[PDB]
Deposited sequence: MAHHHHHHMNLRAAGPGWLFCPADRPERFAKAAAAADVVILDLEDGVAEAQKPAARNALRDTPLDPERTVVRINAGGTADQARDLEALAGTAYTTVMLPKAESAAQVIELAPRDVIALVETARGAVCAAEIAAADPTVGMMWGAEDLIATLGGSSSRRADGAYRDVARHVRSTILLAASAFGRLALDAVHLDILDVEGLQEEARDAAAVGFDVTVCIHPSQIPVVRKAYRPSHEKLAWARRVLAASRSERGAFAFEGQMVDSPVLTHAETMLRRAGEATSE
C-alpha cells in the first residue's frame, strides 16, 4: 500500500498526543511513525486517537504504531484508525504470525522486542500482512528480566546483537523491510553514527529515530574481487 522503499531511511517516532508537532516531524523525517503505544501515557491515549483523526499526515509517508496484540488499547486504536487514510501499522511486542494476521487487511511492520517474538521471527516475517520487521532492544531486555541493553562502552549486549541479526535475516528472507532499533541516547551522535553505518553496511533499510536531530545523522550514514563484491560497490554508488 505504501512505497516504503522509495522513502529515505530516516524514520521518526512522533507521539500522537502531540498534534502540534506532526507537521514538524513530517518535514524532518522520511517517514513518520505516529505513536499510540509507549510514546503516549496511558491517560493520554484517548486524546492521541482523536489527534490521529483530526490532524492528518501524508499516508504515503506515515505509519501508525498501535498497541500490543490482545490489549483493549489495540481495539480502541483500530477503531480510531477506521476514520483515517492510513494503511500501515506497526505492531509492538509482535509475537506470532496470528497477531500479524489479525491486523489484515492492513500492512504490518512487526516490532519484535520480546523473546517469544525473536523465537518466532521467521513465522512473523512470513505472515501475509507483514511488510517490515523492526526490533527493540529496551523492551527485549525489560521482558527478559534484565537491566540494560548496552555495555559501558555503549555497544549492544550479546542477546541484543543476536535479535538484531535474527530480525534482519527474517525480514530479508521474506522480502520485508528491515528496520534497525532506536538509539535512545539522543545526544550520543557518535554512537548513532557508528550504529547506523553498521546497520546500512549489512543491509538494514531504515534506522528508526526518536528525535529529529537524529535524522540527518541516519541519512548521511546510509584481495580477490568476485561477483558479490562488485554488488557491494554498486550498492555504494546507489
Regions left out of the model, expressed as runs of the deposited sequence counted from 1
1-7, 230-257, 274-281
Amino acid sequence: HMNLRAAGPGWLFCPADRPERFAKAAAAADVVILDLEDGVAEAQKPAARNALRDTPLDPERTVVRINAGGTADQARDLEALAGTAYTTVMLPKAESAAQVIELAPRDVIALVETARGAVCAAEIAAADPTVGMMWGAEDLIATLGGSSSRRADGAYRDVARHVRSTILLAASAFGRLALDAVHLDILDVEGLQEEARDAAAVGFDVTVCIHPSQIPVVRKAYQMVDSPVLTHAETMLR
From here on, numbers count along this sequence of modelled residues.
Mean C-alpha B-factor comparison - 3-11 and 229-237, higher one
229-237
If you take the mean CA temperature factor per stretch, which one wins between 171-179 and 188-196?
188-196
Reading the B-factor column of the entry, which of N67, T207, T62, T55 has the highest value at its C-alpha atom?
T55
Could you tell me which one of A47, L36, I33, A201 shows the highest CA temperature factor in the PDB record?
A47
State the tercile, meaning the lowest, middle or highest third, of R150 with respect to the CA B-factors recorded for its chain.
middle
Against its chain's modelled residues, does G83's Cα B factor rank lowest, middle or highest third?
highest
